Amino acid sequence: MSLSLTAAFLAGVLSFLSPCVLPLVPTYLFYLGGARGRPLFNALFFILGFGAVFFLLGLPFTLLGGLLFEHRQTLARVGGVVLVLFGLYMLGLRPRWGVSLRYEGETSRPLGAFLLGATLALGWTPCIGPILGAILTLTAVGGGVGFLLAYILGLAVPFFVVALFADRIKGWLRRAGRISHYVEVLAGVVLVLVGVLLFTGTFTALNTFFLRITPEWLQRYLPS
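Note that the numbering used here numbers the sequence shown so that position 147 is 147, with each residue one more than the last.
Right under this line is the structure:
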């Protein structure tokens, strides 16, 4: 009689409107790498990959709850370093000011796709850290196998809808013009701004600013 999918559904929508996630960002880079052009296979692959990691890493989370009694805030610092490094590369600047010519590459297109995948796996979002950490305390006293599946399925729904709608939008992307290039760098700038404001902001008004992005029309739609 209880539907855990409801929570996962609302959570999925929150992640979509969350400036710390924004699936449209990685997708814009994935499509920028060319890849193959198969959203169904790309989604299924990401779903399986993410699910496998969430399960394999979810297992030790039972014993990892005992480590929470100590302190591992130093793990949040690593995320900031990665964000800074990514921001520097996003600026289009190279660390080695001595690039030669007549280099090799060939299949450099799938490299951006594979790298972006590993990026989302290694690049942990500190904004979702406390939120995920709160789930460990719940899985330590019980668990939530169906909950994990509901979370993945919840994100699968919008992904499938977007994948199908992207078919008609694909013809528009090439018809638009140079406008698609404006939003390309725009999202990147905001991403770096939020990332740097979170690292240097820490526990401040920045944590409360996340409530300014959350639509009040969704909060007023709660029966409880």
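A virtual CB, placed ideally from N, CA and C, is assigned to each residue, including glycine.
query	result
Might you give, ordered along the chain, the residues of its own chain that have their beta carbon closer than 7 Å to the beta carbon of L40, omitting 5 neighbours on each side?	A163
Give the range of the alpha helix (DSSP H) segment to which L44 is assigned.	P39 to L56
Take the Cβ of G79 as the centre, count every other Cβ of all protein chains shown within 10 Å, and call the residue buried at 16 or more, exposed below.	buried
Starting from the C-beta of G112, find all residues in its chain whose C-beta is less than 6 Å away, skip the five residues before and the five after it, and write them out in chain order.	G33
Just to confirm the assignment: which complete alpha helix (DSSP H) runs, minimum length 4, are found wholly within the stretch 144–220?	145–176, 179–199, 205–208, 210–213 and 216–219
Select from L91, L93 and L29 the residue whose C-alpha is nearest the C-alpha of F114.	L29
Look up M90 in the DSSP assignment and say whether it is helix, strand or coil.	helix
Identify, in the order they occur along the chain, each residue of the same chain with its Cβ nearer than 6 Å to the Cβ of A187, setting aside the five sequence neighbours on each side.	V25
What's the C-alpha gap between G171 and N42?	20 Å
Grouping DSSP H, G and I as helix and E and B as strand, with all else coil, what is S15?	helix
Tell me the residue span of the alpha helix (DSSP H) that contains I128.	Taken as a continuous stretch (DSSP letters only), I128 belongs to no alpha helix (DSSP H), as it is neither H nor E.
Under the three-state reduction of DSSP, which class applies to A7: helix, strand or coil?	helix
Ordered along the chain, which non-local residues of its own chain (more than five positions away) have a Cβ less than 6 Å from that of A35?	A113
Can you check which of these residues, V81, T62 and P19, is closest to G142 by C-alpha distance?	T62
Check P110 in the structure and name its three-state DSSP category.	helix
If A8 sits next to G154, beta carbons under 8 Å apart, how far is it from one beta carbon to the other, in whole angstroms?	4 Å
Please report how far the alpha carbon of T214 lies from the alpha carbon of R175, in whole angstroms.	33 Å
In three-state terms, what does DSSP make of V82?	helix
Between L68 and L149, how many whole angstroms is the CB-CB distance? I'm expecting something under 8 Å.	Not confirmed; about 25 Å, so no contact.
Distance, Cα to Cα, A166 vs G87?	28 Å
Please confirm whether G65 and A140 have their CB atoms less than 7 Å apart.	yes
Quick one: grab the DSSP three-state call for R77.	helix
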